[PDB]
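Here is the sequence, then the experimental structure:
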Amino acid sequence: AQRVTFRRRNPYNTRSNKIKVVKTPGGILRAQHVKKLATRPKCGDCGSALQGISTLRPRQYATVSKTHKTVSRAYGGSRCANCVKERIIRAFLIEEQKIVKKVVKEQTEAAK
Amino acid sequence: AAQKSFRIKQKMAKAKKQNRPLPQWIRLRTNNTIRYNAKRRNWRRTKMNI
Amino acid sequence: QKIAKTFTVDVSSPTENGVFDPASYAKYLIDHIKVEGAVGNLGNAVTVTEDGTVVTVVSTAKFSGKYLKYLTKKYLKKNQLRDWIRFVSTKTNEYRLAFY
Amino acid sequence: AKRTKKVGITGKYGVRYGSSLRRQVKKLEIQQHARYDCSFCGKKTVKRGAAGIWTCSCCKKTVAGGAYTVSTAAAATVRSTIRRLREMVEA
Amino acid sequence: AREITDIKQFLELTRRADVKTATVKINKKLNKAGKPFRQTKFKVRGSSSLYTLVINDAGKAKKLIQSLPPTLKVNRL
RNA sequence: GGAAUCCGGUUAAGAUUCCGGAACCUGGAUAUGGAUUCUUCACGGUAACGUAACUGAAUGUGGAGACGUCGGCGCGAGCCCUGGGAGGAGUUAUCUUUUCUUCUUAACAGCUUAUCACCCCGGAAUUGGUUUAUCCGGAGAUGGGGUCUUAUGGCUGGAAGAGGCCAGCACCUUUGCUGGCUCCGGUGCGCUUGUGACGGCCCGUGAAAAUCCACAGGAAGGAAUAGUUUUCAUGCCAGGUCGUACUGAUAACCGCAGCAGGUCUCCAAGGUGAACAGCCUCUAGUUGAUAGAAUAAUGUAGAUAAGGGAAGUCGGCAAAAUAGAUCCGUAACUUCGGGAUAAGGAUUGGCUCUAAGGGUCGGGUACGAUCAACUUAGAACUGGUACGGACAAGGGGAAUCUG
């Protein structure tokens, strides 16, 4: 039943002014200000959160090493291993169809 | 106010020093007609209007 | 699970000053300790001995140091020995009676 | 059980608004809150999100359409007009 | 604010030329059911972090304070 | 919107600002170690992906910043409630293993930890899984095995040396000194709050930018008698300016004032009770408002009245009556949704019992031990027929005009 105060001069319950009540080693309650939560990075194609990437507030991605923000693949922390997978299927089959589309016109110019 | 600019804190700093009576040696001077501080301010009698 | 507890009382200091006797105090614990909520059901599971100057309960039933202090503060209120005799723990489960 | 006789979804409006006005709302609020068949994956997952926007749950394709139904009666015959007019070009 | 678990990695820490000081903190604890035992904490203060080595075997504690460098300003308790 | 700080102590008045300890960020130089390299710019995993690192300019793409409201559910934090134990204080005519209280752990860091999501094996109708809420599965379910996000929690470091509660000695003193103990649980439609997966709603779909990162690209620089790397570890330096006291209102603001007015917000204990209602208490804070003596009339505020019951009055104005919950019973009319708490009745305390509603554990390929809830129904007894015993708390109906 130990009531608590804000610690900064913003007295309003805004998004930037969240409070978690914690017990100190002095045996009293004191509020501590909690930052706003990090979202996960999302895939550039499907929009789903892509795994293996740490979820930090955006300037905290400059303090962590490369292996927290990537996976080991082409399009690592940008696309999501299933949009990458369909990208290789789609790149292969259309460019193979373009090889068909070249020579299928080379019979029409040979027989007109 | 309780979180101010320096241009507001400068004007209270001056008006704090003007919150005093006459120096009492003034009244002993030759041909001195100043009897009392006629520009004395108090915080609950006249607001500064900044 | 079965393990015995020992709660020792130091009644030395008032018996060398005449206000107090330990024999009736040792008697008072016997006919007032409640084992399963009933006085008189002690039956060797809780024993009260009296070394002349050191009262000692050896307990296997539920018997706390809070209850030894409560039964002692109840005893000194009956015999008007409060405002002279306090009940003080000097260690864990080793207690002491203060004069003055 | 059968909870209301004829008001259906529009029983949320209660006794207000005039019965013929709550009948025209009931014609369209059934249509805009119903699930429609996806053209692409063949599943019944297409729900409206906003007026004229119809998103499918799985395969996630969002198709533009009518404000309360997916395909309006006007735009269906349009699609078959332009279907007819295009095959007069390739023929 | 960081525990060191390798005792030989703790010994290379003391000669890292910023560690001017250390301390040896003794805590009276019990060995998980009964009797008390002596745990000791070897805290060296680096230039940006404090490293802690907890030693439960009080014999192995004795062979470690002699293994400290003679220049370290060891603060017992 | 946003780089990054916490605990403990200190003042006559300051503190996330001082002091002690312990961190993090930004900018900057930089040295050593680790890593890479004779296959020059790392390897492992089928894969999701892993990690102490593991070059990458122009330009391009993408993500974060970056987002509504309501409802119920799950989880966490703090608080409340409670058990044993270790201290202290109160009560003690009689009773009470009793009443109250201390039992605490910050930022930061290492390991571990999850709903969702994804991967591999397999290939499902006798359809299966599954939510409080019915959605998912050959576009690959159930199942077996895994990968990740680290909100969150656990352990360890920070850290017991601090803070707390006690005891024993000291003394015109600055004021001391020395001991202990600071422990293990339990519960939940609890309260506040954060959060997650969802669901409802919209002709309403609920900001922007700074800033940060990644990817693509491969310009370019690159070792073998020796280089490459500073998104890995440790090391070194600095971080300016301005505000920081106090009130925040029945006395610090605005109302000519020390004016019953007005003035944005955070925290939020116990009981009764559905309740952040009323009524009473704990912590904290006040005990301020010209007083003394009498108790005329008339006031103002609060009440009560025999018999009658609106006869008063422009008019039931004012007051009274009703009222919570449970069970029964509900009309005309209706736009079929309502009307409707219609109207109208009955019950209600205390005590002692009965019955029903649950959790977890061991069955080779029928049950039993145990633990923990307040909800509902019924029975006996009992009393100056009382029981929503204070508080709180609908008067109702038949119509007309009108929107």
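Here it is on my side, so go on. Numbers count the residues shown, from 1 in each chain, chains lettered A, B, ... in the order given.

show me where chain C has helices.
Assigned by DSSP state H, chain C shows helices spanning C:12-15, C:22-30, C:65-78.

wait, I meant chain B
B:6-17.

What sits closest to the residue in it that chain A sits nearest to if chain neighbours are left out?
Proximity to chain A, evaluated over chain B using C-beta to the nearest C-beta, is greatest for residue B:3 at 6.2 Å. In this view, the C-beta of every residue, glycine as well, is placed from N, C-alpha and C. Using C-beta to C-beta, 6 or more residues apart in numbering or on different chains and skipping the chain neighbours, the partner closest in space to residue B:3 is residue A:9 (6.2 Å).

Could you pick out the residues of chain E near RNA strand F for me?
Chain E has residues E:1-3, E:16, E:18, E:23, E:25, E:27, E:41, E:43, E:45-50, E:52, E:54, E:75, E:77 near RNA strand F, with proximity defined as C-beta under 7 Å from any atom of the strand.

In strands, which of the residues you listed fall?
Of those, the ones assigned to strands by DSSP state E are E:2, E:3, E:23, E:25, E:27, E:41, E:43, E:45, E:50, E:52, E:54, E:75.

which non-adjacent residue is nearest the residue most central in space within chain E?
Nearest residue to the geometric centre of chain E (C-alpha atoms, centre = their mean): residue E:42, 1.3 Å. Among residues not flanking residue E:42 along the chain, residue E:53 sits closest, at 4.2 Å (C-beta to C-beta, 6+ apart).

got a list of what that neighbour touches?
Residue E:53 makes contacts with E:3, E:4, E:5, E:7, E:10, E:41, E:42, E:43, as judged by C-beta atoms under 8 Å, 6 or more residues apart in numbering or on different chains.

From chain A, how far off is it?
Using C-beta to the nearest C-beta, to the nearest Å, one gets 23 Å for the distance from residue E:53 to chain A.

ok, so what distance separates that residue from residue E:64?
Taking C-beta to C-beta, to the nearest Å as the criterion, residue E:53 is separated from residue E:64 by 8 Å.

what touches both of the two?
By C-beta under 8 Å, 6+ apart, the residues touching both residue E:53 and residue E:64 are E:7, E:42.

where do the strands sit along chain D?
Ranges of strands in chain D, per DSSP E, are D:36-37, D:44-50, D:53-55, D:62-64.

Out of these, the one nearest residue A:15 is which?
Comparison of these against residue A:15 by C-beta to C-beta identifies strand D:44-50 as nearest, at 25.7 Å.

With mean neighbour count and distance to residue C:98 added, can I get the strands of chain D in a markdown table?
Listed next are the strands of chain D as a markdown table, based on neighbours: other C-beta atoms under 10 Å in any protein chain shown; distance: least, C-beta to C-beta, whole Å:
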| stretch | mean neighbour count | distance to residue C:98 |
| --- | --- | --- |
| strand D:36-37 | 16 | 88 |
| strand D:44-50 | 15 | 80 |
| strand D:53-55 | 16 | 82 |
| strand D:62-64 | 12 | 85 |
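
For residue B:24, find the nearest of the ones you listed.
Residue B:24 sits nearest to strand D:44-50 of all those, at 81.4 Å, using C-beta to C-beta.

Just checking: what are the partner strands of that closest one?
Strand D:44-50 sits in its sheet next to strand D:36-37 (antiparallel), strand D:53-55 (antiparallel), going by DSSP bridges.

any bit of the shortest one sitting next to RNA strand F?
To tie it back to what came earlier, the one meant is strand D:36-37. No - if you take C-beta under 7 Å from any atom of the strand as the test, strand D:36-37 misses RNA strand F, and the best it gets is 11.6 Å.

now that strand, how far from the centre of its chain.
From the chain centre to the centre of strand D:36-37 is a distance of 9 Å (C-alpha atoms, centre = their mean, to the nearest Å).

Can you list the neighbours in contact with that strand?
Applying C-beta under 8 Å, 6+ apart, the external contacts of strand D:36-37 come out as D:43, D:44, D:46, D:47, D:54, D:69, D:70.

now swap in stretch C:65-84 and tell me
Identification of contacts with stretch C:65-84 by C-beta under 8 Å, 6+ apart yields C:7, C:9, C:14, C:19-20, C:25, C:28-29, C:32-33, C:57, C:85, C:87, C:89, C:93, C:95, C:97, C:99-100.

of those residues, list those near RNA strand F.
Answer for these near RNA strand F (C-beta under 7 Å from any atom of the strand): C:7, C:87, C:89, C:93, C:95.

Let me see the contact set for the first one.
So that's residue C:7. Shown in contact with residue C:7 (C-beta under 8 Å, 6+ apart): C:56, C:57, C:59, C:63, C:65, C:68, C:93, C:95.

What of residue C:52?
Contacts of residue C:52 (C-beta under 8 Å, 6+ apart): residue C:22.

Give me the distance between it and residue C:33.
Counting by C-beta to C-beta - residue C:52 and residue C:33 are separated by 21 Å.

Could you pull out the strands in chain A for me?
For chain A, the strands defined by DSSP E occupy A:18-23, A:29-34.

now those as TSV including distance to residue A:3?
Formatted as TSV, the strands of chain A follow (distance: least, C-beta to C-beta, whole Å):
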stretch	distance to residue A:3
strand A:18-23	10
strand A:29-34	8
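
So which of the ones you listed is nearest residue D:84?
Closest to residue D:84 of the strands of chain A is strand A:18-23 (C-beta to C-beta; 61.7 Å).

who touches that closest one?
Contacts of strand A:18-23 (C-beta under 8 Å, 6+ apart): A:4, A:6, A:29, A:30, A:31, A:32, A:33, A:34, A:35, A:36.

Turn the residues you listed into CSV, including distance to RNA strand F and neighbour count.
Converted to CSV, the contacts of strand A:18-23 look like this (distance: C-beta to the nearest atom of the strand, whole Å; neighbours: other C-beta atoms under 10 Å in any protein chain shown):
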residue, distance to RNA strand F, neighbour count
A:4, 4, 13
A:6, 6, 13
A:29, 6, 13
A:30, 5, 13
A:31, 8, 14
A:32, 6, 12
A:33, 5, 13
A:34, 7, 11
A:35, 6, 9
A:36, 5, 9
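
now for those residues, which pair is the farthest apart?
In terms of C-beta to C-beta, those reach their longest pairwise distance at A:29 and A:36, which sit 22.7 Å apart.

End to end on stretch C:50-70, go ahead and measure it.
Stretch C:50-70 has an end-to-end distance of 19 Å (C-alpha to C-alpha, to the nearest Å).

Could you count how many residues lie near residue E:24?
Residues within reach of residue E:24, counting by other C-beta atoms under 10 Å in any protein chain shown, total 17.

Against residue C:8, how distant is it?
Distance from residue E:24 to residue C:8, counting by C-beta to C-beta: 37 Å.
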